[PDB]
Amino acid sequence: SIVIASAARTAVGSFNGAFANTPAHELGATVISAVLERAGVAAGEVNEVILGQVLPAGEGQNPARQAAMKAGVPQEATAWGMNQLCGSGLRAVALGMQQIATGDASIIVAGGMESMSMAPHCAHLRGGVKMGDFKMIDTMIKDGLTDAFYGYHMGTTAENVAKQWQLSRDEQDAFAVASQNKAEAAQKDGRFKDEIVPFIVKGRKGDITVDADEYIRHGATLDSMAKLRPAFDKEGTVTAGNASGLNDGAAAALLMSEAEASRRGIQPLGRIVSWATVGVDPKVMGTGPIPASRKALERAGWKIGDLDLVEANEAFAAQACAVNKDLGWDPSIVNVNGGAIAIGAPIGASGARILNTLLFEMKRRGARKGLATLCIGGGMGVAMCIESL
């Protein structure tokens, strides 16, 4: 009975690019202000802000609260961060919906934010090391991208999936080129304008307005993609080219009850019909969207064939193809404006990022039934079904 009244995201920045020195909570504050403004809802009406964020080390106490306060959400509201890895920004929306469903809140802003650029290096130095070198650990790699059980990068899990579903390097590269070309086309045609709220990077040497997804490559060629070296295995197939990137961004949705939207005269972007999260083997985490989507659709009472549009996260070409083959949905309704291989993947924000892309595309094409889904390090998936009002 819970609708998404509005949504917004920042453009997605390149690693150490547009948002190289912008803390996640600043990106988050801008998206909170935006969902309020887009819905006609004042910050004083917000009850809670819930923001997925995987890499908050060094940012200060509870960045979700910092983002909310900066956006002018009242001190009497509350805010909290959560971490279900790449599933975070979508899971936060489900959690927000549950606040309203249980009657504990009326208006929630939910999503995710991440500054992978700003993630620090670290070391536990309270014990001591009285002689010889020690390791400074990249928190982004360690806490974001390394499997805690097997010790290897998410990219190895992508190889595991490639080997298992027998996906060639050529098939992976074709998929990646296709994502870029879809994203370039959508960007040129203006299809990211609605969802994107511009972010002003404040600087001594001048303010810069960032309103374009900077990671999207224009004129992606299969030839250059085919020449890349495997990035995780000497004899592997996964490359920097057919993998998603490291990125900065934030994304969110304003939630409230359908009844509440009606009183306000709001035309919402959609009704949250169902959601699900399910676990899989950590060695093939990329497959998590399969059981999660199946579970979400079961809960919705929907067949796979009932879906009009799908956003299925593109962590790696390997798993994205695996998911598409197993679920068997029409690939032409999946990521119709491109995916994370082209647009980028700020971890904590990603699931809210693809939700934004889904909502605004559903509205533009008049799609009735949609699904957003992501894989999750450590072996999970999450998925949400949305229906137009």
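Start at 1 and count along the sequence shown; that's the residue number.
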Higher of the two mean Cα B-factors (226 to 234, 77 to 85; per PDB record) comes from 226 to 234
On mean C-alpha B-factor from the PDB entry, just flag whether 52 to 60 or 321 to 329 is the higher one.
-> 321 to 329
Among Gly144, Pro291, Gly112, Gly128 - the residue whose C-alpha B-factor is largest in the record | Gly128
Options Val197, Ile272, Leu167, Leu246 - largest CA temperature factor per the record | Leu167
Within-chain third of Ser350 by Cα B-factor, per the entry = lowest
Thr30: C-alpha B-factor third of its chain, per the entry, is the highest
Among the modelled residues of its chain, the C-alpha B-factor of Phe316 falls in the third labelled middle
State the tercile, meaning the lowest, middle or highest third, of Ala8 with respect to the CA B-factors recorded for its chain.
-> middle
Sorting the chain's modelled residues by C-alpha B-factor, tell me whether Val177 ends up in the lowest, middle or highest third.
-> lowest
